[PDB]
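Chain naming follows the written order as A, B, C, D, E, F, G and H, and within any one chain the residues start at number 1.
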């Protein structure tokens, strides 16, 4: 860990990089709310 | 009072419970629970020495339901078996599960082919499916019954797990060189042939589908009157004929041949196993062995393999077979230079 | 054998020019069964 | 749910999408750089943790001393942040252009941005993006010659960041790499030994890109080009699609066999490095036990340590005989005419060389999904998986599927032209 | 399209995400035991 | 002053938290854009500024 | 002028085959491989696989029977280099260092590749879709993976995959003793793809056979076929969809013929897609799982999990694979 | 069958005094071993020099003696050939060679002690295995 003063955010930074994947997820929910077409 | 039950029972609902419905579900359910239960909660190191479940922390793969101890032979130790003496907990410690699963589970397979016969005389269809199903049932008995019978006991039968199956594979390679058996070879033929068919048939269809059948040009439609169906045999024919060189074009044959390949195969394979049950194998080529000993500058892949085996056997049999209690001194073990 | 190496390359490239020039081909181009655009 | 295929012709929405996924690519650039400088510990082999971009950043010799992890921490935080914000700068753009409204009917706009089937405009748009690569490429050149150097793993001592002078700009040398056998050690692009080749090899690209970007801008394709290629929108994907596949392969193989470009110091040792490293490690060990290396006779009669290569030089024996093509800074000083000098060997062998052998030999690219280090049989008490195996592995995969894509979309362009649509 | 209709694209998301939490565990859990391996 | 950065950041944090959730609903034509678009140039104006503050703080 | 007359030939039906631009390479290529290969198996002299001076001869004349083996891999010395004929000296040499291997391989892959192209191109001359091009791509890709990628990832064609029955087995064994595949999802999906295809190719053809047009000129003494001209086709899909649906449940059964045949080509192909990758992924050392230890921190007593007895066998074999060709303690490739 | 005090009641010096470690420590021993060792010393066997192990018995025959903690600590700071005639600091990890084995730079006296403890407690648990890899070989 070398972020110094920002120390505080390891958390959010740690679960951060996954979101690109979760984008795929909404995409299907978007579809569910729109009856799939 | 009879016919009624026939009907109530055979009543066409969501999940068809026929006359066979009585064997199938009680057995196919317990055979599943039996697995899942021990898989998640039982240890089999009193009987096998390894870790059986999740309770001890194996991964899904590792976890399994291990075979009884070799000291017991073929005694079906049911709960009221003179050996377990009715004490459940121990009945599990000893592996009384394996027997459970294989037996109930053997009948579930009996029920499932029966349920396949029922449905064909109610709907008025051909029994063929029920017959294709014999292959697996053969494979099953062949494996889990015939084989253990021929040998020292229940222990040597496949173990109910993932890895526990891979270990089976390997076991076979070392002591039986099952790969050299011709029967496993044919079996290996149909399974790979089943998948080769499944691709060409499915791809040919899909790709020879009738043009413009859908303006939007996607393909999610049909109907009963769609007698002709969505594709051409005439074009496939020529396609194949000019690419592969052959193409028997007669739909009825294509599908049946698709029954022959897979199923014909597994029957062999099962035969091949009734053979090993009696340590009767295809593990040697007298001709070669002979010239293999009178001459040291001669070697073939046949040979190189027989070497790996002994390695499998020497290293893997003392931990894998606790009952004889093998003690093998470092030096003794076969071993290539530097490794 | 150097005579062999040479012979090969001729053969090989020969059939290459037939692949390449068979596609760029102004003559046959991309002629299908349902529509010819020339 | 071919949703993304309904968008085909309404270029007003693609921009919205292309610039939306273009926002993820940059997002990842920050999310990962920051995730790394997060877990990252100084002075522990970059590669023994599990990093990938930082190593890239130190490749450009952005922040490092002679093969010394990092003296200056910061350089990475800059990258982590920048790209993470460029992800919003574009997330905004992609979203907007996706949702606020389509295109092609803006008169002054259609003059700046046209559509498909129009060879002269597609060509023009193409050249454009070509003028951009011509630049980015040349920027790399800047960062080595008049800027904070680049990391040369070669001569001497430690090869810290060094600035280049007069890159190999010879006209011949550059394409020679293109005309060489892609076999046994010699892969056209991979053969790149001298870092100076690499710089000069970039200068020529840009000039070639730019000289081309403008070319199509002004020119519409000739006849032969028109009668060979189709012009559907789907078909341009098939071109571009398969291009990337080849490259996936390209780079993958490029990854396994390092050129100074991928200094093994960050990335780790090369598959062969390990083996060759294991041979050398043991000459010494026994040399210290007074073993004579020249007269050694392995059970085969090939000498445990030294034998020849078909062209007759000396090479470490053992299966590591297949990696005598291997070259690195540690093994080289013992190299000389005719192969390895049996006299530098037993006389002039410095200690820091045994170290590298042992380290590499020790961190063999060999690993499993459980991150178990070493042979398939080891115990789970050692975690490691050479970045190279990670890059090579995942990237191979994509270069494959992607090819499956060249087939699927290019075969569907044959259905547009007249087939099934 | 929520006039106050009985949800389904919610049910589909509730469990779906729920499952991820159980499996997710199954991965965490796979760490607590092999971790003392030596 | 550690306090300003701990607030400037948390500042840019919360802004983004919102932005990313609002900006999308804002593009829901039947929910007035007049009101929603104001707030937009605000988060954007406010944000890019915070972006420069943090930076300058080092 | 002539040049035009040639192309027309190549392009359409020739009453035997279709030999388009793709088969312009495929036909002369696969021929050189066939011929060379057939002869190599009937007379090739011994070949020393691993550089060592211990030649292995798996040919008919030199004391083999069909299963015993065939065309053996190039030397480990030439291992990764390019070994053509011109590049060597006498053929007595060539024959010893595995020449036949490379020669046969490379031509075969190329022409193997083109056999695939040819499949598509025929589609373009017959206005049909381009799918078959894709389903072949699975095994092809796999061959390459086994015959190429690996030796490319490993450092020498030697130990690519022998062209004999027996050696196929060897390659397998050595392979899982070196990379432990069994426990790798990509080979797991592989068994899924295959055991899949078996279960489906039996299912389909089974049902398709049970729900036939019971009343079409079929008696108990004769059985004669259909032909495209036949409208209603062979079977009553309602009977099959009804059958299968009643065996498990409505959803379980397939409504239309597209979802049926698409499934048949989806399962197998995407299974091997992965396996072929599996190998290619373990070609650069990303070997399968390996849960070698589970403990009882009580004392730390190691408890053997079914998987360890798997490593016990994987072990015996590692030790003796390529006996006497190792001079150092740990294999690194 | 649990981890016991006796188990951790390990020899501290040549003469005859002993210290009984704790739970907390033991674990730090592993964690450290794996950190700058395992790679080269997996399961207590030298990869670079197979004919020399880390079993307890072989350590006592070293020069100077090494069946106890003080000896190991000395070794980790400064290295000693099995006989004690060469200074192998330019070859083996050593607090005196931090500059070359960066993994060492961070280490502290407390950590050496624990690492040493891990090496002496293990064999009581693993037995033959930790030696030449029995289960492992």
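Basically, contacts are C-beta pairs under 8 Å (C-beta built on N, C-alpha and C of every residue); 3 or more make two chains touch, one makes a residue touch a chain.
Here A-F and E-G are compared, and the pair linked by more C-beta contacts is E-G.
Of all chains shown, G has the CA centroid lying nearest to the centroid of every protein CA atom. Of all the chains, the one whose CA centre sits at the greatest distance from that of chain C is H. Remark: chain C and chain G have CA centroids separated by 29 Å (rounded to whole angstrom).
Between chain B and chain C the centroid-to-centroid distance comes to 50 Å (mean Cα coordinates, whole Å). Annotation: 61 Å between the Cα-based centres of chain C and chain F. Taking each chain's centre as the mean of its C-alpha atoms, chain D lies 37 Å from chain E. The set of chain D residues touching two or more other chains comprises 299, 361, 370, 374, 377-381, 414, 418-420.
With touch defined as above, residues shared between interfaces to two or more other chains in chain E number as follows: 33-34, 36-38.
Residues of chain H in contact with two or more other chains: 30, 43, 47, 122, 135. Remark: chain C residues 1-2, 4-5, 8, 15, 18-19, 22-23, 25, 27-28, 30-34 touch chain G in the complex.
By the touch criterion given at the top, residues 5-6, 8-9, 12 of chain A touch chain F in their complex. Residue ranges on chain D touching chain F, taken from their complex, read 85, 88, 91-92, 95, 99-100.
Against chain E, in their complex, chain D makes its touches with residues 370, 379-381.
By the touch criterion stated above, chain G contacts chain C in their complex at residues 3-4, 7-8, 10-11, 21, 24-25, 28, 84-89, 124-127.
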